[PDB]
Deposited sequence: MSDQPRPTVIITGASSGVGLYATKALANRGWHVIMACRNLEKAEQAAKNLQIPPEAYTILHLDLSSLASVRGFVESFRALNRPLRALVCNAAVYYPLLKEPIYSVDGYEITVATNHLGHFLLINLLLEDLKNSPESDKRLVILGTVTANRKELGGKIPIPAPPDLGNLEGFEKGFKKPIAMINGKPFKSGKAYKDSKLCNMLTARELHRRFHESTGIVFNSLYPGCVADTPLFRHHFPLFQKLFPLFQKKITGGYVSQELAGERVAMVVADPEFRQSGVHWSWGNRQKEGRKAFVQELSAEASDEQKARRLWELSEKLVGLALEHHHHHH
């Protein structure tokens, strides 16, 4: 009997190597991906044992697809022990915003809003599971990110709104903004549900995984040289395998069962995890709650 874990965006990068590390630990991985062929080719190239994973379609940019995936997973009749919100898109140099089928700027829609709906639906499945060590793990972070007063969300977040704070569109900051929402969501998940469910709600920063397709929308020269830069200059480089293994630790290792925490190993890498409380910024306490409320409104809860 294999414990089940859902990993979004498992077809490459951190999610792919997290699938391999969890599979090697005896978990069964739900690879929730939007590109089924790309995901299947990725698992076979790594020779991940086929009995350790199953691939289901999930497009986080479509709220109907999120709801559809939840039904598809429930039809598996597999109790859920863990959910990893890993998928993301990064546009550093996108001039004009792209809007999802539901009408939302694609970076926030994919990175935050789709995950926000998935989390709220799958919370039922995590509650009902008989496992005692259940975890919800969110991939976080370490143009600075600024949500302002959530004016863009406060006003419905439809075009021409393209930023959470209502300011004009900046694709790179939109990514930073979306990962900030991931942290605040992990912070709200713990505050709202940990004492009453026993589920562990954590975020994690594995380091600079300079090799992943996250930089696919960057200049081709950037993708070629960023690993060497991160390796020989900043020292913040981490391999895809090490990042995947760190996700698996926070999901499965007993040393990481404390809830409401952000795990990291530093900006510059050595050769030991740091604990940071998610509610540390006490002045973001109300903005975190309103973000949650506005997100419930945007995804139709």
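- Counting from residue 1 of the deposited sequence, the stretches lacking C-alpha coordinates in this chain are 1-4, 147-160, 290-291, 322-330.
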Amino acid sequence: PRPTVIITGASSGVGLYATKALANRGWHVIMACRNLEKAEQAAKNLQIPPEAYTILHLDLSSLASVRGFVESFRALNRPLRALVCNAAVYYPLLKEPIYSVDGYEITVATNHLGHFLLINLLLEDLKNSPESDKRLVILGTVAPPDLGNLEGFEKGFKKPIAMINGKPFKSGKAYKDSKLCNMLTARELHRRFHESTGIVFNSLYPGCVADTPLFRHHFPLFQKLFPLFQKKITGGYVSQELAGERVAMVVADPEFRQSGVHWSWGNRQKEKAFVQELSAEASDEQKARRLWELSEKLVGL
From here on, numbers count along this sequence of modelled residues.
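- Looking at mean Cα B-factors across 262-270 and 244-252, the upper value is held by 262-270.
- For the pair 100-108 and 143-151, the mean Cα B-factor is higher in 143-151.
- As recorded in the entry, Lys95 carries the highest CA temperature factor of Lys179, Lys158, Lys95, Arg135.
- Annotation for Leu126: CA B-factor lies in the highest third of the chain's modelled residues.
- Placement of the Cα temperature factor of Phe215 within the chain: middle third of the modelled residues, per the deposited record.
- The PDB entry assigns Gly198 a C-alpha temperature factor belonging to the lowest third of its chain's modelled residues.
- The PDB entry assigns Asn35 a C-alpha temperature factor belonging to the lowest third of its chain's modelled residues.
- In this PDB entry, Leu221 carries a Cα temperature factor that places it within the highest third of its chain's modelled residues.
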